[PDB]
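One structure is given below, encoded as structure tokens.
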Amino acid sequence: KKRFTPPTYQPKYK
Amino acid sequence: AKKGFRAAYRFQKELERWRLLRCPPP
Amino acid sequence: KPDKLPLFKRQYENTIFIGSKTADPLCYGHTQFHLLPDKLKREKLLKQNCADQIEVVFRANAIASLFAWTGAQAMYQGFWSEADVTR
Amino acid sequence: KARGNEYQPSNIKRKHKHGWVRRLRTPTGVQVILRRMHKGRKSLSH
Amino acid sequence: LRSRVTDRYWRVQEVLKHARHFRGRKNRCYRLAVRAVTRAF
Amino acid sequence: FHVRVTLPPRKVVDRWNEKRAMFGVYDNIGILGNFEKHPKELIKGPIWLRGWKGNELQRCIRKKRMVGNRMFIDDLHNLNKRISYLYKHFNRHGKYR
Amino acid sequence: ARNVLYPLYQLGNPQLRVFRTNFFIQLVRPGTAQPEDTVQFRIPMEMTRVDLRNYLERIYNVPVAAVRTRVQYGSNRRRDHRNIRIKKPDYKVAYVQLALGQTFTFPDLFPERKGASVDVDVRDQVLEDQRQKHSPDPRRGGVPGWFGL
Amino acid sequence: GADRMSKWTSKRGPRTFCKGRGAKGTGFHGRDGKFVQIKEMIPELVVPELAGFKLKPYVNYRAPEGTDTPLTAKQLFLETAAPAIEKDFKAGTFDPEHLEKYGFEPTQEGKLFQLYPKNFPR
Amino acid sequence: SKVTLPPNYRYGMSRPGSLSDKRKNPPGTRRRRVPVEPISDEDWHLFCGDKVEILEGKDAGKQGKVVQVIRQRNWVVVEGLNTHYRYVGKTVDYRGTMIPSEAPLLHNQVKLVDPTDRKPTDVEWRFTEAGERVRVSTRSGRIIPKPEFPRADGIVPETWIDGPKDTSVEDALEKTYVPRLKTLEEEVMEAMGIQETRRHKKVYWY
Amino acid sequence: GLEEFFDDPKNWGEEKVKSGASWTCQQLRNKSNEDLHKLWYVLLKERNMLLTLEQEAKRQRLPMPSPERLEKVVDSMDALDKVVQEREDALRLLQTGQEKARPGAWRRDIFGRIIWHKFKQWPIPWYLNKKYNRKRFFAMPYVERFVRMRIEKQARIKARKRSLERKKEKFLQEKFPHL
RNA sequence: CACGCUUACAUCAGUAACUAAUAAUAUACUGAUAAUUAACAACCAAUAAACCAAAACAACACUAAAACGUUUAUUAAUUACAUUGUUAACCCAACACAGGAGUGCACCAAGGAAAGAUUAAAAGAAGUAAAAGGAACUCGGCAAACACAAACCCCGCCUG
RNA sequence: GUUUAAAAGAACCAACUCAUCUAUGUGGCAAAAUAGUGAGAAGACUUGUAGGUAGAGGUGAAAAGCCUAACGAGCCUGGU
RNA sequence: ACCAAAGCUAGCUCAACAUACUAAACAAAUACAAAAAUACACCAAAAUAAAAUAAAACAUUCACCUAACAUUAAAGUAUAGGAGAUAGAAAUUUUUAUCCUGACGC
Ligand SMILES: [Mg+2]
Ligand SMILES: [Mg+2]
Ligand SMILES: [Mg+2]
Ligand SMILES: [Mg+2]
Ligand SMILES: [Mg+2]
Ligand SMILES: [Mg+2]
Ligand SMILES: [Mg+2]
Ligand SMILES: [Mg+2]
Ligand SMILES: [Mg+2]
Ligand SMILES: [Mg+2]
Ligand SMILES: [Mg+2]
Ligand SMILES: [Mg+2]
Ligand SMILES: [Mg+2]
Ligand SMILES: [Mg+2]
Ligand SMILES: [Mg+2]
Ligand SMILES: [Mg+2]
Ligand SMILES: [Mg+2]
Ligand SMILES: [Mg+2]
Ligand SMILES: [Mg+2]
Ligand SMILES: [Mg+2]
Ligand SMILES: [Mg+2]
Ligand SMILES: [Mg+2]
Ligand SMILES: [Mg+2]
Ligand SMILES: [Mg+2]
Ligand SMILES: [Mg+2]
Ligand SMILES: [Mg+2]
Ligand SMILES: [Mg+2]
Ligand SMILES: [Mg+2]
Ligand SMILES: [Mg+2]
Ligand SMILES: [Mg+2]
Ligand SMILES: [Mg+2]
Ligand SMILES: [Mg+2]
Ligand SMILES: [Mg+2]
Ligand SMILES: [Mg+2]
Ligand SMILES: [Mg+2]
Ligand SMILES: [Mg+2]
Ligand SMILES: [Mg+2]
Ligand SMILES: [Mg+2]
Ligand SMILES: [Mg+2]
Ligand SMILES: [Mg+2]
Ligand SMILES: [Mg+2]
Ligand SMILES: [Mg+2]
Ligand SMILES: [Mg+2]
């Protein structure tokens, strides 16, 4: 399968 | 805040030891 | 500033028209007739408390319309800013 | 081709799909508004 | 009754006092000092 | 492991206040009083625990049976889920079997 | 009037009359170049051109000719310490062109006083003299000048 | 995404979204598409004559105040109708069926400014 | 106008909406709560303007006049008794005017003094038979008058001149109300002679 | 009469402009309807002038001379409005008996809450209005759970507030042993 | 201009630090004060009847049979000034992103700057030129080229 | 625009729409791009706005494609 | 020596009692594209719970699972169950009024 892991951003208060 | 007096008194002893090692009395 | 007249800026086709295309053989004007609309009546101006503008509206209509006409005639003859009118 | 720009803003579609009237015209949207009110949301709809 | 450890300072010092003459992070970090002190003994 | 740098104020606890002086005063009420009232009646607390003791599953079962009709929605849901989890864990999980 | 319910009009209804108006207007200086016959007001959001015309013609008896209104939007960009937007309130700005040819000019409501300026200059001179007399003597080198010998 | 906390005004929509800012209507739409303004719908400011009015926006600082006595319905009745009805009952011509002579109004729909429907803004 | 304060607020002898207070604690701070003894308004005997005595401090046993009171922390300050010296004029190359400011005092550290014997007494609230509530002492057994203090505005009703936009006392106290059963609208209409003949149509309300 | 928006030209550069006290409810009640109707505009002109002066002070980055005049004028106009409304309330209670001057009804919207729906002026009856007919004043059977949830949430809030007050009282009694 | 974002726009002042992926300072940070003014645009009649005969310079035709309208009769409150949109260097993509974006005008009369300062190592990317040979390279003439032509099969009729 | 008695699902080639091949890029300008080169380009054509079809389903000139960056069956909440 | 470290409070948790249970604000505007005063209507709808799990698989079955009868016993009894996993009563019995409520909870 074409398995892709999307990136996760961080909260902007940090 | 940690509820306790033993640690506080032991650290008072440690502080006195550090003070004696820093400024040795005559 | 002219915006306090009030005048508003716009962008569309800027044309120089005398009333007919340049290929028309009658490229000169004789007399214009301008009927004032119902918004600029004497009664409406008196209600608006604008009595001294009863002549200002006529003067403005004339100064605008006749200048547009004569400028269209001059630019149809071939005169412009750098080729200023001779007659 | 390039993704990520799937949101094309338009106030008509916004208010017609997630508006107050759209939520209140159906019993499920009324339940949505009630759930948002129970949670205490500052904004119940668009 | 929440019970937390209050003498962890001395629990760590009793092990770090045997590593002060070491080289590298074994004389500072506790995770690396417990292993270096056991091998020392 | 940073321990506080100042001594805390010594709590002056008096072991001779009203509660500490009259604690457990009527524990022998039935024995020394021509038994009419069991020491159960001195237990102050929740209704489903006055003179009763059990494990967590029995506690939850008794609470739901006694005061379940007055609990809130989320509280009753959490109680039902705790009952289910304790049932499954105590009847299917463990080592000694 | 604002924040009040108006009677529904129908054919043959009486004339709507307001006895105690709830509108309060400010007279603001034009931020841009304005002609002589134009006055700039800040009016409530619920006030119309005819409402301001009647306001100026009845309460203050001003021969107005034209009224033009606009709605200025207040900024909602600044953030609080909680990162919450603080919105400046929107306001209605009206431009009133006078009728009889009267020329209005916003006056200088804060003219400076010559005596006040002279007093401020004297205070500045006294402060400078005090600083000069309190400045340390360079020939002493930090020795306190209070003790005599 | 768009913003939800900001107010939904007429400045934030398309050309076909023109929401008023709170002003009252002053007329209707005529025949040729223009707006016909009704002179009965525009508020007429009733301004009195302040020429010989000897009263200022502020009062004397040395002038004394009074104890708070909020005017009540019973006090108003005692001030306007109790003496008249008392005199009428002492004279013996009191009529319980007709109370219009003392100021009572049976139906509000007759007069111009009614109280319960509140036909007047201010 | 009234300013709003967070529940975790500290009173520091400054106005809650003053620049000094805004510099002391900006709107992002929430300090620890100080325990304040509960004293209702019916049990506060310490007012502004009376001669009180100090109990503890370096200047103990001395008497002074109350200048300000703070009910949120049970604080009172007297003028020039319990003082510390602070500089106000401060610049890059000049200082001066070291003024003695006053530190606040607690109701446990200050008690009211009777004007009769000039001795510290305890104050108790009593109800006299004439319908007044006057503070009565218990040590000697006398009453304490009310220390009338001038208001913070700085204007005295004894010496006051009416300006161009002020009404006289006669015009302010002139009673001209005729309590009849007409509204202000009908009164003004009948006064100005406005004649309205047509009446409203049927309006539905729902 | 466009100068009425400004004070006297001899009070323009003044630092402090003193004025009298504000109107109090008793002084307003002592006057008649004519004098109240006139004092309304007398105060309105002063309020407009003070607002103009405040905006001009903001523009010039200078403090407004004695800004308490605006507070006094607003307080006086509020007292006048309160007195006129009190007279209107007494008159309407004497004539009709209604407490409120606008018709309304205690309704129950679709959200289960109990609201006070005020009435609007319509030229047609209620059974012929499209915009009014598509409104619902009643709750469906799925709103009872949300009503009970609101009840329980408010009960929990009140309970924890009462517990907080009790704990604060106990802490204060333990900190101050003056008993 | 439309759609969209809402003041990020304008004036003055400051930038030690915060935003600009660095400075200078400032349309992008901070504070105060001001602003977008209707003629353009939005909201801006129903009820019956006469009405088959396309738009494409529309003369007249083709097939795929084609949006866009007047007149007549009955009622349409009638009386200046109603309300709302008017800034921007901007929108959607985590960003001051080499990407995605409808329409009418012109190809400059309007917009901007590829290089922070040096040296001219290797390797890498882009380009130009090259003796003699001209596919001998390579899976394949891929790529490139002063060439930019002619044929033979397999599979799909073809456009899509 | 050019060739055509042609607006011929004709031809050359712009705007425009796709994405054949190669080289860079591969935490990059970019969670699919840049440069060169390509295919269509009056039509079964591109495209603006607004509405509809909703997951035991919709839609599909069947790639088991697409249905808000992971679809042999979306995501969120609850069962948990 | 920097970076840093330590406070004791804000408040929460579990119960008891309890009036008897959708707080306060509701001037105007708010189910037109919510907070937009103002025109001849249409308004409303119900049809079982399922499955994840256990039966070491999975097909009949699988306590609780947002429906009041509480407590002491009968009793985990009679019974119901691929008679397996498990489920599970009743007849009949006991239950004395109020304060003494706070916390070996953070
Ligand atoms: Mg996204
Ligand atoms: Mg406008
Ligand atoms: Mg959002
Ligand atoms: Mg709009
Ligand atoms: Mg727009
Ligand atoms: Mg008009
Ligand atoms: Mg944005
Ligand atoms: Mg920088
Ligand atoms: Mg700025
Ligand atoms: Mg513009
Ligand atoms: Mg270079
Ligand atoms: Mg450059
Ligand atoms: Mg460079
Ligand atoms: Mg090289
Ligand atoms: Mg090369
Ligand atoms: Mg070459
Ligand atoms: Mg060669
Ligand atoms: Mg070969
Ligand atoms: Mg080879
Ligand atoms: Mg090739
Ligand atoms: Mg070739
Ligand atoms: Mg070739
Ligand atoms: Mg093919
Ligand atoms: Mg063929
Ligand atoms: Mg072709
Ligand atoms: Mg390409
Ligand atoms: Mg090349
Ligand atoms: Mg190309
Ligand atoms: Mg081609
Ligand atoms: Mg081809
Ligand atoms: Mg749709
Ligand atoms: Mg299946
Ligand atoms: Mg399917
Ligand atoms: Mg296939
Ligand atoms: Mg396949
Ligand atoms: Mg997805
Ligand atoms: Mg199984
Ligand atoms: Mg298993
Ligand atoms: Mg299996
Ligand atoms: Mg299985
Ligand atoms: Mg089940
Ligand atoms: Mg059987
Ligand atoms: Mg088996």
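Protein chains in written order, with the entry's author numbering: chain Bi, 38 to 51; chain Bh, 31 to 56; chain Bw, 261 to 347; chain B7, 50 to 95; chain BU, 10 to 50; chain Bn, 32 to 128; chain BX, 2 to 150; chain Be, 14 to 135; chain BY, 11 to 216; chain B2, 65 to 243.
Using N, Cα and C, we set each Cβ at its ideal position, and we do this for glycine too.
Using only the alpha-carbon positions, how far apart do residue 75 (chain BX) and residue 86 (chain BX) sit?
12 Å
Contacting positions in the stretch 64 to 76 of chain BX - beta carbon closer than 9 Å to chain Bw
64, 65, 66, 67 and 69
Does the beta carbon of residue 32 (chain Bh) come closer than 9 Å to any beta carbon on chain Bn?
yes
When the distance is taken between beta carbons, is residue 154 (chain BY) closer than 9 Å to residue 125 (chain BY)?
yes
Using DSSP with H/G/I as helix, E/B as strand and the rest coil, what is residue 42 (chain Be)?
strand
Excluding the 5 residues flanking residue 39 (chain Be) on each side, which residues of the same chain have their C-beta closer than 6 Å to its C-beta?
50, 54 and 55
Can you check the stretch 41 to 109 of chain BY for any beta strand (DSSP E) of at least 3 residues that lies completely inside it and give the ranges in chain order?
61 to 64, 73 to 80, 85 to 88 and 93 to 100
Any C-beta of chain BU within less than 7 Å: which residues of the stretch 45 to 73 of chain Bn qualify?
none
Specify whether the stretch 16 to 33 of chain BX and the stretch 117 to 130 of chain Be touch according to this definition: at least 3 beta carbon pairs, one from each stretch, less than 8 Å apart.
no
Would you say residue 37 (chain BX) lies against chain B2 (beta-carbon separation less than 9 Å)?
no
Same chain, Cβ closer than 6 Å to residue 39 (chain BX), neighbours up to 5 away in sequence not counted:
96 and 98
Among all the DSSP beta bridges, which residues are the ones paired with residue 103 (chain Bn)?
In DSSP, residue 103 (chain Bn) forms no bridge with anything.
From the beta carbon of residue 197 (chain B2), is the nearest beta carbon of chain Be less than 9 Å away?
no
Can you confirm whether residue 186 (chain BY), when its beta carbon is compared against all beta carbons of chain BX, has any partner nearer than 9 Å?
no
Burial state of residue 218 (chain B2) (16 or more Cβ within 10 Å)
exposed
Cβ of residue 89 (chain Be) within 9 Å of Cβ of residue 154 (chain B2)?
yes
Proximity of residue 196 (chain BY) and residue 114 (chain Be) at Cβ, strictly below 9 Å
no
Any residues in the stretch 68 to 95 of chain BY with a beta carbon nearer than 7 Å to a beta carbon of chain BX? Which ones, in chain order?
none
How big is the Cα-Cα spacing for residue 128 (chain Bn) and residue 11 (chain BU)?
31 Å
What does residue 79 (chain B7) reach in chain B2 if we use C-beta pairs closer than 7 Å?
174
Within the continuous alpha helix (DSSP H) that includes residue 221 (chain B2), where are the two ends?
208 to 239
Distance between residue 62 (chain BX) and residue 207 (chain BY) (C-alpha atoms, nearest Å)
28 Å
Can you give me the C-alpha to C-alpha distance between residue 313 (chain Bw) and residue 64 (chain BX), rounded to a whole angstrom?
14 Å
Closer than 8 Å: residue 46 (chain Bi) CB and nearest ligand 1 heavy atom
no
Quick one: which unbroken beta strand (DSSP E) runs of 3-plus residues sit fully inside the stretch 58 to 111 of chain Be? Chain order, please.
none
Residue 54 (chain Bn), buried or exposed, once every other Cβ within 10 Å from all chains shown has been counted against 16
exposed
Cβ of residue 95 (chain BX) less than 9 Å from any chain Be Cβ?
no
Please classify residue 133 (chain Be): is it buried, with 16 or more other beta-carbons within 10 angstroms of its beta-carbon, or exposed?
buried
Can you confirm whether residue 153 (chain BY), when its beta carbon is compared against all beta carbons of chain BX, has any partner nearer than 9 Å?
no
Since residue 256 (chain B2) contacts residue 138 (chain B2) with CB under 8 Å, what's their CB separation in whole angstroms?
Residue coverage of chain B2 in this structure runs from 65 to 243, which leaves residue 256 (chain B2) outside it and unanswerable.
Determine, using beta carbons only, whether residue 60 (chain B7) comes closer than 9 Å to chain Be.
yes
With distance defined between alpha-carbon atoms, name the residue in 172 (chain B2), 118 (chain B2) and 230 (chain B2) nearest to residue 199 (chain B2).
172 (chain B2)
Short-range partners of chain BX found in the stretch 306 to 323 of chain Bw, where Cβ spacing is below 9 Å
308, 309, 310, 311, 312 and 313
Close-in-space but distant-in-sequence residues of the same chain around residue 199 (chain BY) (CB under 8 Å, 5 per side omitted):
206
Any C-beta of chain BX sitting closer than 9 Å to the C-beta of residue 22 (chain Be)?
yes
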